[PDB]
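Dumped protein_12.pdb below, it's PDB, C-alpha atoms and all ligand atoms:
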```pdb
ATOM      1  CA  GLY B   4    -102.795 -13.173  -7.771
ATOM      2  CA  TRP B   5    -104.957 -14.485  -4.951
ATOM      3  CA  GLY B   6    -104.633 -14.628  -1.209
ATOM      4  CA  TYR B   7    -106.469 -14.414   2.069
ATOM      5  CA  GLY B   8    -106.245 -10.658   2.605
ATOM      6  CA  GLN B   9    -109.045  -8.085   2.396
ATOM      7  CA  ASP B  10    -108.279  -7.282  -1.259
ATOM      8  CA  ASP B  11    -107.593 -10.798  -2.576
ATOM      9  CA  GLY B  12    -109.440 -13.149  -0.176
ATOM     10  CA  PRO B  13    -111.877 -16.082  -0.723
ATOM     11  CA  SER B  14    -114.972 -13.918  -1.159
ATOM     12  CA  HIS B  15    -113.340 -12.516  -4.319
ATOM     13  CA  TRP B  16    -111.824 -15.603  -5.973
ATOM     14  CA  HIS B  17    -114.976 -16.306  -8.012
ATOM     15  CA  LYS B  18    -114.189 -13.199 -10.012
ATOM     16  CA  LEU B  19    -110.915 -14.746 -11.215
ATOM     17  CA  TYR B  20    -111.909 -18.459 -11.187
ATOM     18  CA  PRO B  21    -115.554 -18.978 -12.190
ATOM     19  CA  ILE B  22    -115.494 -22.626 -11.083
ATOM     20  CA  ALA B  23    -115.617 -21.157  -7.567
ATOM     21  CA  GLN B  24    -119.411 -21.183  -8.128
ATOM     22  CA  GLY B  25    -119.357 -24.815  -9.254
ATOM     23  CA  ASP B  26    -121.488 -27.752  -8.109
ATOM     24  CA  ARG B  27    -118.850 -29.546  -6.016
ATOM     25  CA  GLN B  28    -116.852 -26.859  -4.247
ATOM     26  CA  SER B  29    -115.060 -27.292  -0.919
ATOM     27  CA  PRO B  30    -114.975 -26.926   2.019
ATOM     28  CA  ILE B  31    -118.500 -27.561   3.352
ATOM     29  CA  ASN B  32    -120.388 -27.494   6.620
ATOM     30  CA  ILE B  33    -120.877 -31.130   7.579
ATOM     31  CA  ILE B  34    -124.272 -31.737   9.150
ATOM     32  CA  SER B  35    -123.607 -34.927  11.103
ATOM     33  CA  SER B  36    -127.293 -35.902  11.348
ATOM     34  CA  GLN B  37    -127.557 -35.624   7.580
ATOM     35  CA  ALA B  38    -124.560 -37.785   6.652
ATOM     36  CA  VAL B  39    -125.386 -41.191   5.178
ATOM     37  CA  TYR B  40    -123.923 -44.055   7.163
ATOM     38  CA  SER B  41    -122.141 -46.154   4.523
ATOM     39  CA  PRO B  42    -121.205 -49.685   5.748
ATOM     40  CA  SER B  43    -120.228 -50.818   2.245
ATOM     41  CA  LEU B  44    -117.257 -48.432   2.394
ATOM     42  CA  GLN B  45    -113.838 -50.050   2.727
ATOM     43  CA  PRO B  46    -111.511 -49.521   5.732
ATOM     44  CA  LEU B  47    -109.538 -46.297   5.442
ATOM     45  CA  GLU B  48    -105.822 -47.042   5.491
ATOM     46  CA  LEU B  49    -103.064 -44.489   5.797
ATOM     47  CA  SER B  50     -99.855 -46.371   5.042
ATOM     48  CA  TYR B  51     -97.104 -43.838   5.687
ATOM     49  CA  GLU B  52     -93.344 -44.338   5.558
ATOM     50  CA  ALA B  53     -91.211 -42.662   8.241
ATOM     51  CA  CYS B  54     -88.651 -40.972   5.977
ATOM     52  CA  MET B  55     -90.330 -39.722   2.804
ATOM     53  CA  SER B  56     -90.488 -36.053   3.842
ATOM     54  CA  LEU B  57     -88.278 -33.625   1.937
ATOM     55  CA  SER B  58     -88.671 -30.033   3.109
ATOM     56  CA  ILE B  59     -90.854 -27.489   4.874
ATOM     57  CA  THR B  60     -91.829 -24.326   2.994
ATOM     58  CA  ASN B  61     -93.631 -21.044   3.595
ATOM     59  CA  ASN B  62     -95.224 -20.428   0.216
ATOM     60  CA  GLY B  63     -97.053 -17.246   1.213
ATOM     61  CA  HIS B  64    -100.332 -19.107   1.684
ATOM     62  CA  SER B  65     -99.427 -21.775   4.222
ATOM     63  CA  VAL B  66     -96.519 -23.789   5.542
ATOM     64  CA  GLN B  67     -96.181 -26.979   3.511
ATOM     65  CA  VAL B  68     -94.204 -30.181   3.919
ATOM     66  CA  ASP B  69     -93.386 -31.919   0.640
ATOM     67  CA  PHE B  70     -92.826 -35.630   0.077
ATOM     68  CA  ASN B  71     -90.974 -37.965  -2.284
ATOM     69  CA  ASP B  72     -93.817 -39.461  -4.357
ATOM     70  CA  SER B  73     -91.733 -41.370  -6.892
ATOM     71  CA  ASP B  74     -93.219 -44.623  -5.546
ATOM     72  CA  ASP B  75     -96.272 -45.913  -3.646
ATOM     73  CA  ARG B  76     -94.839 -46.242  -0.148
ATOM     74  CA  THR B  77     -96.665 -43.307   1.422
ATOM     75  CA  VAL B  78    -100.265 -43.694   0.264
ATOM     76  CA  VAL B  79    -103.879 -43.501   1.352
ATOM     77  CA  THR B  80    -106.225 -46.300   0.388
ATOM     78  CA  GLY B  81    -109.608 -47.764   1.261
ATOM     79  CA  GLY B  82    -112.625 -45.762   2.361
ATOM     80  CA  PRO B  83    -114.187 -44.236  -0.802
ATOM     81  CA  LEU B  84    -110.998 -44.723  -2.830
ATOM     82  CA  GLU B  85    -110.877 -47.391  -5.512
ATOM     83  CA  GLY B  86    -107.096 -47.534  -5.264
ATOM     84  CA  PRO B  87    -104.003 -45.961  -3.612
ATOM     85  CA  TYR B  88    -103.226 -42.258  -3.865
ATOM     86  CA  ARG B  89     -99.661 -41.076  -3.181
ATOM     87  CA  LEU B  90     -98.971 -38.368  -0.607
ATOM     88  CA  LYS B  91     -97.547 -35.275  -2.290
ATOM     89  CA  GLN B  92     -97.637 -32.791   0.547
ATOM     90  CA  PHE B  93     -99.441 -31.685   3.682
ATOM     91  CA  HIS B  94    -100.183 -28.149   4.907
ATOM     92  CA  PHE B  95    -102.452 -26.259   7.306
ATOM     93  CA  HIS B  96    -105.186 -23.619   7.523
ATOM     94  CA  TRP B  97    -105.682 -21.710  10.750
ATOM     95  CA  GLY B  98    -107.196 -18.617  12.335
ATOM     96  CA  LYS B  99    -106.266 -15.753  14.633
ATOM     97  CA  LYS B 100    -108.357 -17.145  17.509
ATOM     98  CA  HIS B 101    -109.678 -20.546  18.594
ATOM     99  CA  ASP B 102    -113.174 -19.921  17.200
ATOM    100  CA  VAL B 103    -111.897 -19.809  13.570
ATOM    101  CA  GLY B 104    -109.331 -21.415  11.306
ATOM    102  CA  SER B 105    -110.608 -24.707   9.903
ATOM    103  CA  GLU B 106    -112.071 -24.859   6.402
ATOM    104  CA  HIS B 107    -114.595 -27.594   7.008
ATOM    105  CA  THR B 108    -117.044 -27.149   9.867
ATOM    106  CA  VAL B 109    -119.133 -29.763  11.678
ATOM    107  CA  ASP B 110    -122.676 -28.715  12.549
ATOM    108  CA  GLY B 111    -121.586 -25.078  12.249
ATOM    109  CA  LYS B 112    -118.558 -25.495  14.506
ATOM    110  CA  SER B 113    -115.065 -24.460  13.403
ATOM    111  CA  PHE B 114    -111.759 -25.700  14.810
ATOM    112  CA  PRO B 115    -108.727 -23.433  15.304
ATOM    113  CA  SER B 116    -106.917 -25.289  12.515
ATOM    114  CA  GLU B 117    -107.172 -27.965   9.855
ATOM    115  CA  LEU B 118    -104.458 -30.250   8.454
ATOM    116  CA  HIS B 119    -104.678 -31.342   4.814
ATOM    117  CA  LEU B 120    -102.783 -34.409   3.575
ATOM    118  CA  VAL B 121    -102.841 -34.133  -0.216
ATOM    119  CA  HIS B 122    -102.583 -37.371  -2.211
ATOM    120  CA  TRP B 123    -102.771 -37.921  -5.982
ATOM    121  CA  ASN B 124    -103.794 -40.758  -8.319
ATOM    122  CA  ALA B 125    -100.384 -41.772  -9.668
ATOM    123  CA  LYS B 126    -101.914 -44.927 -11.163
ATOM    124  CA  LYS B 127    -104.102 -42.957 -13.549
ATOM    125  CA  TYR B 128    -102.078 -39.766 -14.082
ATOM    126  CA  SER B 129     -98.456 -39.000 -14.878
ATOM    127  CA  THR B 130     -98.029 -35.872 -12.762
ATOM    128  CA  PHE B 131     -99.482 -34.314  -9.646
ATOM    129  CA  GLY B 132    -100.402 -31.294 -11.762
ATOM    130  CA  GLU B 133    -102.205 -33.416 -14.308
ATOM    131  CA  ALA B 134    -104.104 -35.235 -11.544
ATOM    132  CA  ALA B 135    -105.123 -31.951  -9.887
ATOM    133  CA  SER B 136    -107.379 -31.131 -12.838
ATOM    134  CA  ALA B 137    -109.138 -34.498 -13.163
ATOM    135  CA  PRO B 138    -112.309 -35.431 -11.191
ATOM    136  CA  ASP B 139    -110.705 -38.521  -9.661
ATOM    137  CA  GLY B 140    -107.212 -37.085  -9.513
ATOM    138  CA  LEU B 141    -106.843 -36.200  -5.842
ATOM    139  CA  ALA B 142    -107.730 -37.406  -2.383
ATOM    140  CA  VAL B 143    -107.235 -35.099   0.549
ATOM    141  CA  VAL B 144    -107.477 -36.337   4.113
ATOM    142  CA  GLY B 145    -108.521 -33.547   6.438
ATOM    143  CA  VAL B 146    -107.640 -33.567  10.128
ATOM    144  CA  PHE B 147    -109.080 -31.028  12.559
ATOM    145  CA  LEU B 148    -106.766 -29.535  15.158
ATOM    146  CA  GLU B 149    -108.188 -28.534  18.533
ATOM    147  CA  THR B 150    -106.126 -26.568  21.054
ATOM    148  CA  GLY B 151    -105.423 -28.052  24.474
ATOM    149  CA  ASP B 152    -102.585 -30.391  25.455
ATOM    150  CA  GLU B 153     -99.205 -30.175  23.760
ATOM    151  CA  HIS B 154     -98.663 -32.572  20.860
ATOM    152  CA  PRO B 155     -95.196 -34.174  21.245
ATOM    153  CA  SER B 156     -94.713 -35.031  17.575
ATOM    154  CA  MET B 157     -95.962 -31.600  16.478
ATOM    155  CA  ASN B 158     -93.013 -29.936  18.240
ATOM    156  CA  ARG B 159     -90.594 -31.017  15.590
ATOM    157  CA  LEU B 160     -92.699 -29.114  13.110
ATOM    158  CA  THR B 161     -93.590 -26.054  15.197
ATOM    159  CA  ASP B 162     -89.899 -25.727  16.215
ATOM    160  CA  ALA B 163     -88.979 -25.569  12.522
ATOM    161  CA  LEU B 164     -91.372 -22.682  11.798
ATOM    162  CA  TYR B 165     -89.053 -19.890  12.918
ATOM    163  CA  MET B 166     -86.775 -20.794  10.006
ATOM    164  CA  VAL B 167     -89.578 -20.353   7.461
ATOM    165  CA  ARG B 168     -91.527 -17.484   9.019
ATOM    166  CA  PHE B 169     -91.078 -15.370   5.862
ATOM    167  CA  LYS B 170     -92.797 -16.062   2.560
ATOM    168  CA  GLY B 171     -90.619 -17.946   0.086
ATOM    169  CA  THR B 172     -88.259 -19.649   2.504
ATOM    170  CA  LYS B 173     -87.737 -23.385   2.901
ATOM    171  CA  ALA B 174     -85.697 -25.776   5.019
ATOM    172  CA  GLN B 175     -84.786 -29.438   4.836
ATOM    173  CA  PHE B 176     -87.282 -31.551   6.811
ATOM    174  CA  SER B 177     -86.099 -35.160   6.814
ATOM    175  CA  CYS B 178     -87.750 -38.152   8.415
ATOM    176  CA  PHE B 179     -90.975 -36.616   9.662
ATOM    177  CA  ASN B 180     -93.695 -39.285   9.659
ATOM    178  CA  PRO B 181     -97.087 -37.701   8.858
ATOM    179  CA  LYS B 182     -98.721 -40.623  10.636
ATOM    180  CA  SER B 183     -97.633 -38.838  13.825
ATOM    181  CA  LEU B 184    -100.272 -36.166  13.123
ATOM    182  CA  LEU B 185    -103.235 -38.566  12.848
ATOM    183  CA  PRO B 186    -105.844 -39.184  15.597
ATOM    184  CA  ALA B 187    -106.271 -42.697  17.085
ATOM    185  CA  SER B 188    -109.429 -43.145  15.035
ATOM    186  CA  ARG B 189    -109.921 -43.685  11.315
ATOM    187  CA  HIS B 190    -113.661 -42.859  11.195
ATOM    188  CA  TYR B 191    -114.483 -40.217   8.615
ATOM    189  CA  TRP B 192    -116.921 -38.336   6.417
ATOM    190  CA  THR B 193    -116.429 -38.336   2.643
ATOM    191  CA  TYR B 194    -117.838 -36.340  -0.253
ATOM    192  CA  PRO B 195    -116.852 -35.250  -3.794
ATOM    193  CA  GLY B 196    -115.378 -31.761  -3.729
ATOM    194  CA  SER B 197    -112.612 -29.477  -4.922
ATOM    195  CA  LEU B 198    -109.307 -27.851  -4.181
ATOM    196  CA  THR B 199    -109.929 -25.113  -1.568
ATOM    197  CA  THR B 200    -107.433 -22.751  -3.204
ATOM    198  CA  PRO B 201    -107.320 -21.481  -6.807
ATOM    199  CA  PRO B 202    -107.761 -23.013  -9.439
ATOM    200  CA  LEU B 203    -110.503 -24.584  -7.257
ATOM    201  CA  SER B 204    -110.686 -27.586  -9.599
ATOM    202  CA  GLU B 205    -113.325 -30.151  -8.664
ATOM    203  CA  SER B 206    -110.804 -32.958  -8.589
ATOM    204  CA  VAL B 207    -110.832 -33.910  -4.936
ATOM    205  CA  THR B 208    -112.347 -36.836  -3.068
ATOM    206  CA  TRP B 209    -112.538 -35.451   0.468
ATOM    207  CA  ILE B 210    -111.935 -37.638   3.512
ATOM    208  CA  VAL B 211    -112.436 -35.608   6.674
ATOM    209  CA  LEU B 212    -111.534 -37.506   9.850
ATOM    210  CA  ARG B 213    -114.099 -37.438  12.621
ATOM    211  CA  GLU B 214    -111.632 -37.174  15.524
ATOM    212  CA  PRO B 215    -109.397 -34.125  15.877
ATOM    213  CA  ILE B 216    -105.854 -34.166  17.195
ATOM    214  CA  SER B 217    -104.881 -31.671  19.851
ATOM    215  CA  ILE B 218    -101.950 -29.278  19.991
ATOM    216  CA  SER B 219    -101.105 -26.697  22.659
ATOM    217  CA  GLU B 220    -102.047 -23.054  22.421
ATOM    218  CA  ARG B 221     -98.280 -22.399  22.441
ATOM    219  CA  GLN B 222     -97.828 -24.646  19.386
ATOM    220  CA  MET B 223    -100.769 -23.023  17.612
ATOM    221  CA  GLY B 224     -98.996 -19.719  18.329
ATOM    222  CA  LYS B 225     -95.971 -20.801  16.324
ATOM    223  CA  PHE B 226     -98.247 -21.021  13.264
ATOM    224  CA  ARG B 227     -99.810 -17.601  13.927
ATOM    225  CA  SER B 228     -96.246 -16.228  14.046
ATOM    226  CA  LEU B 229     -95.622 -17.101  10.402
ATOM    227  CA  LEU B 230     -95.852 -14.243   7.880
ATOM    228  CA  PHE B 231     -97.730 -13.893   4.567
ATOM    229  CA  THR B 232     -94.970 -11.414   3.781
ATOM    230  CA  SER B 233     -91.364 -11.453   2.580
ATOM    231  CA  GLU B 234     -88.439 -10.451   4.770
ATOM    232  CA  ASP B 235     -88.441  -6.956   3.261
ATOM    233  CA  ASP B 236     -92.137  -6.108   3.105
ATOM    234  CA  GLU B 237     -94.144  -4.953   6.100
ATOM    235  CA  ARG B 238     -94.831  -7.850   8.429
ATOM    236  CA  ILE B 239     -98.299  -9.296   7.884
ATOM    237  CA  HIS B 240     -99.036 -12.386   9.973
ATOM    238  CA  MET B 241    -100.293 -15.528   8.279
ATOM    239  CA  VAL B 242    -103.696 -16.088   9.936
ATOM    240  CA  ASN B 243    -107.180 -16.871   8.629
ATOM    241  CA  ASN B 244    -105.741 -18.564   5.550
ATOM    242  CA  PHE B 245    -108.942 -20.602   5.098
ATOM    243  CA  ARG B 246    -111.858 -20.661   2.622
ATOM    244  CA  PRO B 247    -115.376 -20.694   4.210
ATOM    245  CA  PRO B 248    -118.024 -23.433   3.628
ATOM    246  CA  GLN B 249    -119.548 -23.628   0.144
ATOM    247  CA  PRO B 250    -123.026 -24.707  -1.040
ATOM    248  CA  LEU B 251    -123.607 -28.483  -0.805
ATOM    249  CA  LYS B 252    -125.793 -28.368  -3.890
ATOM    250  CA  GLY B 253    -127.369 -31.770  -3.335
ATOM    251  CA  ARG B 254    -124.144 -33.655  -2.704
ATOM    252  CA  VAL B 255    -124.330 -36.647  -0.398
ATOM    253  CA  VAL B 256    -121.930 -36.776   2.547
ATOM    254  CA  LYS B 257    -121.183 -40.343   3.581
ATOM    255  CA  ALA B 258    -119.989 -41.408   7.026
ATOM    256  CA  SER B 259    -118.020 -44.510   7.990
ATOM    257  CA  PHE B 260    -119.783 -44.480  11.375
ATOM    258  CA  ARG B 261    -123.105 -43.664  13.079
ATOM    259  CA  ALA B 262    -123.570 -40.311  14.831
TER     260      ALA B 262
HETATM  261  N1  LIG B 301    -106.439 -27.048   0.454
HETATM  262  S1  LIG B 301    -106.320 -28.330  -0.500
HETATM  263  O1  LIG B 301    -107.488 -28.356  -1.328
HETATM  264  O2  LIG B 301    -106.048 -29.463   0.333
HETATM  265  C1  LIG B 301    -104.925 -28.123  -1.573
HETATM  266  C2  LIG B 301    -104.518 -29.176  -2.377
HETATM  267  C3  LIG B 301    -103.440 -29.009  -3.228
HETATM  268  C4  LIG B 301    -102.757 -27.801  -3.284
HETATM  269  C5  LIG B 301    -101.576 -27.637  -4.192
HETATM  270  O3  LIG B 301    -100.782 -28.554  -4.320
HETATM  271  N2  LIG B 301    -101.396 -26.453  -4.798
HETATM  272  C6  LIG B 301    -100.282 -26.278  -5.744
HETATM  273  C7  LIG B 301    -100.716 -26.544  -7.177
HETATM  274  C8  LIG B 301    -101.879 -25.638  -7.576
HETATM  275  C9  LIG B 301    -102.332 -25.904  -9.009
HETATM  276  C10 LIG B 301    -102.993 -27.080  -9.347
HETATM  277  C11 LIG B 301    -103.441 -27.296 -10.639
HETATM  278  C12 LIG B 301    -103.233 -26.341 -11.613
HETATM  279  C13 LIG B 301    -102.579 -25.169 -11.296
HETATM  280  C14 LIG B 301    -102.130 -24.953 -10.003
HETATM  281  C15 LIG B 301    -103.011 -25.869  -6.579
HETATM  282  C16 LIG B 301    -102.544 -25.608  -5.158
HETATM  283  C17 LIG B 301    -103.176 -26.756  -2.465
HETATM  284  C18 LIG B 301    -104.256 -26.911  -1.612
HETATM  285 ZN    ZN B 302    -105.745 -27.162   2.300
END
```
Can you dump the structure from the file as structure tokens?
Ligand SMILES: NS(=O)(=O)c1ccc(C(=O)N2CCC(c3ccccc3)CC2)cc1
Ligand SMILES: [Zn+2]
Amino acid sequence: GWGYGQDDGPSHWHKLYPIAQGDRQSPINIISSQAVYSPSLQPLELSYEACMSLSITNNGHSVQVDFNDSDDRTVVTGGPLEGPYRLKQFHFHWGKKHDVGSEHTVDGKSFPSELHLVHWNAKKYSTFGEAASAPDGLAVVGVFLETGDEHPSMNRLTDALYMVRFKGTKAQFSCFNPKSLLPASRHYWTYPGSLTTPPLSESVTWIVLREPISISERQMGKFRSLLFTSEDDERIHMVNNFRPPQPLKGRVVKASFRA
């Protein structure tokens, strides 16, 4: 139905999902000087278990790692959140070159990639799907990826990509701790937004970390080697699977720190 190609890309989604023109769409360009320092905010805590990961999957849009969310062991809490949100999955958005790839931008600057850790409000909703439609249903922590030095923990993931290079394939991915992909800082920006893929529901509290993690150009290349296509179809590389910044429309971006 939708994608990131020339015929089905982001610029066209509004024709299928009208909410794409809504008042709290994501991602956004974060103007650091315009963020409101918010001391009252609570400390952001990412309490992740080491072995809650289930599999790694190429779903045609990204490569996604799914988690066991039957309990509240792997959750995000604090910051703008009133309670814990359980981690359901994490995935990435990236470009064909270093200058593009992230969904959020900071003062007009894009990163080559962006990691999204998707959590849901299991205290208020019965299913991830149900939570994905409600205004306070999801909390996504965004982590920017810069290219430079090799990321040791990332290797276990980038080495697994070959096995899921084609759309619709999956592999077991046990004991991968998502905490290994977080920067040494927990400072962040936060604002009320939406899913960045259809249905584009405005159900997401965004928490974009200030500090990016770094991976090697070689590792970033393993992502650019994935395919949007099936094993039979003509090979079309999975790149530029990101949605561009959307209108802020008077929303206030809060910061946990001072720029
Ligand atoms: N990029 S992101 O905003 O972090 C993000 C967050 C969540 C998802 C996600 O889990 N999927 C699968 C379920 C689908 C869906 C939800 C509700 C109703 C119908 C279909 C939405 C996309 C994708 C990207
Ligand atoms: Zn995403």
Q) ligand ZN 302 (chain B): which residues are within 9 Å, counting only C-alpha atoms and all ligand atoms, as a ChimeraX atom specification? A) /B:65,93-96,106,117-121,143,145,198-200,245-246
Would you write out those residues with C-alpha atoms, as a compact mmCIF listing (two decimals), in the coordinates of the input?
```txt
# COMPACT_ATOMS: atom_id res chain seq x y z
CA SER B 65 -99.43 -21.78 4.22
CA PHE B 93 -99.44 -31.68 3.68
CA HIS B 94 -100.18 -28.15 4.91
CA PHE B 95 -102.45 -26.26 7.31
CA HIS B 96 -105.19 -23.62 7.52
CA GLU B 106 -112.07 -24.86 6.40
CA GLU B 117 -107.17 -27.96 9.86
CA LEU B 118 -104.46 -30.25 8.45
CA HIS B 119 -104.68 -31.34 4.81
CA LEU B 120 -102.78 -34.41 3.58
CA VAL B 121 -102.84 -34.13 -0.22
CA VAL B 143 -107.24 -35.10 0.55
CA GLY B 145 -108.52 -33.55 6.44
CA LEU B 198 -109.31 -27.85 -4.18
CA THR B 199 -109.93 -25.11 -1.57
CA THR B 200 -107.43 -22.75 -3.20
CA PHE B 245 -108.94 -20.60 5.10
CA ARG B 246 -111.86 -20.66 2.62
```
Step by step, gather every atom of ligand LIG 301 (chain B) that the file lists, find the box along x, y and z that holds them, add 3 Å on each side, and finally give centre and edge lengths in Å to one decimal, as lines of an AutoDock Vina configuration file.
```
center_x = -103.9
center_y = -27.2
center_z = -5.6
size_x = 13.2
size_y = 10.5
size_z = 18.1
```
Can you give me, as a PDB file with C-alpha atoms, keeping the file's coordinate frame, the residues this file yields under the PyMOL selection byres (((chain B and resi 85) around 12) and not hetatm)?
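selection_20.pdb written:
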```
ATOM      1  CA  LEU B  44    -117.257 -48.432   2.394  1.00  0.00           C
ATOM      2  CA  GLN B  45    -113.838 -50.050   2.727  1.00  0.00           C
ATOM      3  CA  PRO B  46    -111.511 -49.521   5.732  1.00  0.00           C
ATOM      4  CA  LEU B  47    -109.538 -46.297   5.442  1.00  0.00           C
ATOM      5  CA  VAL B  79    -103.879 -43.501   1.352  1.00  0.00           C
ATOM      6  CA  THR B  80    -106.225 -46.300   0.388  1.00  0.00           C
ATOM      7  CA  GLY B  81    -109.608 -47.764   1.261  1.00  0.00           C
ATOM      8  CA  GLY B  82    -112.625 -45.762   2.361  1.00  0.00           C
ATOM      9  CA  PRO B  83    -114.187 -44.236  -0.802  1.00  0.00           C
ATOM     10  CA  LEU B  84    -110.998 -44.723  -2.830  1.00  0.00           C
ATOM     11  CA  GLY B  86    -107.096 -47.534  -5.264  1.00  0.00           C
ATOM     12  CA  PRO B  87    -104.003 -45.961  -3.612  1.00  0.00           C
ATOM     13  CA  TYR B  88    -103.226 -42.258  -3.865  1.00  0.00           C
ATOM     14  CA  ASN B 124    -103.794 -40.758  -8.319  1.00  0.00           C
ATOM     15  CA  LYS B 126    -101.914 -44.927 -11.163  1.00  0.00           C
ATOM     16  CA  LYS B 127    -104.102 -42.957 -13.549  1.00  0.00           C
ATOM     17  CA  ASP B 139    -110.705 -38.521  -9.661  1.00  0.00           C
ATOM     18  CA  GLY B 140    -107.212 -37.085  -9.513  1.00  0.00           C
ATOM     19  CA  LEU B 141    -106.843 -36.200  -5.842  1.00  0.00           C
ATOM     20  CA  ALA B 142    -107.730 -37.406  -2.383  1.00  0.00           C
ATOM     21  CA  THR B 208    -112.347 -36.836  -3.068  1.00  0.00           C
TER      22      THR B 208
END
```
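Among B:107, B:225, B:168, B:261, the residue with the shortest atom-to-atom distance to ligand LIG 301 (chain B), counting all atoms listed in the file, is B:107.
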**Q.** Spatial sel., origin (-121.3, -27.0, 13.9), limit 9 Å, all atoms listed in the file, listed as a list in words
**A.**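 Collected hits near the coordinates: residues 32, 33, 34, 35, 108, 109, 110, 111, 112 and 113 of chain B.
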Q. Written as a list in words, what is the full residue list that the PyMOL selection byres (((chain B and resi 242) around 10) and not hetatm) yields on the file shown?
A. residues 7, 8, 64, 65, 96, 97, 98, 99, 100, 103, 104, 226, 227, 228, 229, 230, 231, 239, 240, 241, 243, 244 and 245 of chain B
Q | Residues selected by the PyMOL selection byres (((chain B and resi 234) around 12) and not hetatm), written as number ranges by chain | A | B: 61, 63, 166-172, 229-233, 235-240
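Distance check against ligand LIG 301 (chain B) using all atoms listed in the file: of B:114, B:165, B:201, B:55, the minimum falls on B:201.
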Q.
Could you tell me how far CA of residue 59 in chain B sits from CA of residue 163 in chain B, in Å to one decimal place?
A.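 That distance, rounded to one decimal, is 8.1 Å.
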Q: May I have the residues within 6 Å of residue 29 in chain B as JSON, numbers by chain, using only C-alpha atoms and disregarding those fewer than 6 positions away in the same chain?
A: {"B": [196, 197, 199, 249]}
Q: Kindly indicate which residue among B:213, B:89, B:122, B:15 lies nearest to ligand LIG 301 (chain B), using only C-alpha atoms and all ligand atoms for the distances.
A: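 Ranked by minimum distance to ligand LIG 301 (chain B), first place goes to B:122.
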Q | Selected residue, from B:162, B:75, B:102, B:133, that lies nearest to ligand LIG 301 (chain B) when counting only C-alpha atoms and all ligand atoms | A |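 The closest residue to ligand LIG 301 (chain B) is B:133.
Among the candidates B:36, B:116, B:56, B:136, the one nearest to ligand LIG 301 (chain B) when counting all atoms listed in the file is B:136.
The shortest atom-to-atom distance to residue 42 in chain B, with only C-alpha atoms taken into account, belongs to B:259 out of B:177, B:188, B:204, B:259.
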Q: Tell me, in Å to one decimal, how far CA of residue 144 in chain B is from CA of residue 211 in chain B.
A: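 About the pair CA of residue 144 in chain B and CA of residue 211 in chain B: they are 5.6 Å apart.
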(Q) List as a VMD selection string the protein and nucleic acid residues near residue 58 in chain B, meaning an atom at most 7 Å away when only C-alpha atoms are counted, but skip any in the same chain fewer than 5 places from it. (A) chain B and resid 68 to 69 173 to 177
Some atoms are missing, so please complete range 31-40 of chain B with N, CA, C and O atoms and return it as a PDB file, in the coordinates of the input.
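Output below, filename out.pdb:
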```
ATOM      1  N   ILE B  31    -117.058 -27.564   3.113  1.00  0.00           N
ATOM      2  CA  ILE B  31    -118.500 -27.561   3.352  1.00  0.00           C
ATOM      3  C   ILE B  31    -118.782 -27.671   4.840  1.00  0.00           C
ATOM      4  O   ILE B  31    -117.901 -28.028   5.626  1.00  0.00           O
ATOM      5  N   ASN B  32    -120.006 -27.333   5.236  1.00  0.00           N
ATOM      6  CA  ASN B  32    -120.388 -27.494   6.620  1.00  0.00           C
ATOM      7  C   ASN B  32    -120.986 -28.897   6.651  1.00  0.00           C
ATOM      8  O   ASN B  32    -121.937 -29.191   5.917  1.00  0.00           O
ATOM      9  N   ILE B  33    -120.410 -29.764   7.474  1.00  0.00           N
ATOM     10  CA  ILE B  33    -120.877 -31.130   7.579  1.00  0.00           C
ATOM     11  C   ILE B  33    -121.953 -31.226   8.658  1.00  0.00           C
ATOM     12  O   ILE B  33    -121.702 -30.982   9.833  1.00  0.00           O
ATOM     13  N   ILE B  34    -123.156 -31.577   8.237  1.00  0.00           N
ATOM     14  CA  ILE B  34    -124.272 -31.737   9.150  1.00  0.00           C
ATOM     15  C   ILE B  34    -124.252 -33.221   9.498  1.00  0.00           C
ATOM     16  O   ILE B  34    -124.678 -34.054   8.704  1.00  0.00           O
ATOM     17  N   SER B  35    -123.722 -33.540  10.673  1.00  0.00           N
ATOM     18  CA  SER B  35    -123.607 -34.927  11.103  1.00  0.00           C
ATOM     19  C   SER B  35    -124.894 -35.742  10.954  1.00  0.00           C
ATOM     20  O   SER B  35    -124.869 -36.843  10.415  1.00  0.00           O
ATOM     21  N   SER B  36    -126.013 -35.195  11.417  1.00  0.00           N
ATOM     22  CA  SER B  36    -127.293 -35.902  11.348  1.00  0.00           C
ATOM     23  C   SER B  36    -127.734 -36.180   9.925  1.00  0.00           C
ATOM     24  O   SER B  36    -128.569 -37.055   9.690  1.00  0.00           O
ATOM     25  N   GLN B  37    -127.184 -35.433   8.973  1.00  0.00           N
ATOM     26  CA  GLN B  37    -127.557 -35.624   7.580  1.00  0.00           C
ATOM     27  C   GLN B  37    -126.606 -36.485   6.756  1.00  0.00           C
ATOM     28  O   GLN B  37    -126.866 -36.747   5.585  1.00  0.00           O
ATOM     29  N   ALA B  38    -125.509 -36.927   7.360  1.00  0.00           N
ATOM     30  CA  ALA B  38    -124.560 -37.785   6.652  1.00  0.00           C
ATOM     31  C   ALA B  38    -125.162 -39.183   6.494  1.00  0.00           C
ATOM     32  O   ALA B  38    -125.893 -39.652   7.360  1.00  0.00           O
ATOM     33  N   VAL B  39    -124.848 -39.857   5.398  1.00  0.00           N
ATOM     34  CA  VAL B  39    -125.386 -41.191   5.178  1.00  0.00           C
ATOM     35  C   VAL B  39    -124.397 -42.250   5.625  1.00  0.00           C
ATOM     36  O   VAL B  39    -123.303 -42.385   5.055  1.00  0.00           O
ATOM     37  N   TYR B  40    -124.775 -42.994   6.660  1.00  0.00           N
ATOM     38  CA  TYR B  40    -123.923 -44.055   7.163  1.00  0.00           C
ATOM     39  C   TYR B  40    -123.710 -45.020   6.001  1.00  0.00           C
ATOM     40  O   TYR B  40    -124.679 -45.520   5.428  1.00  0.00           O
TER      41      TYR B  40
END
```
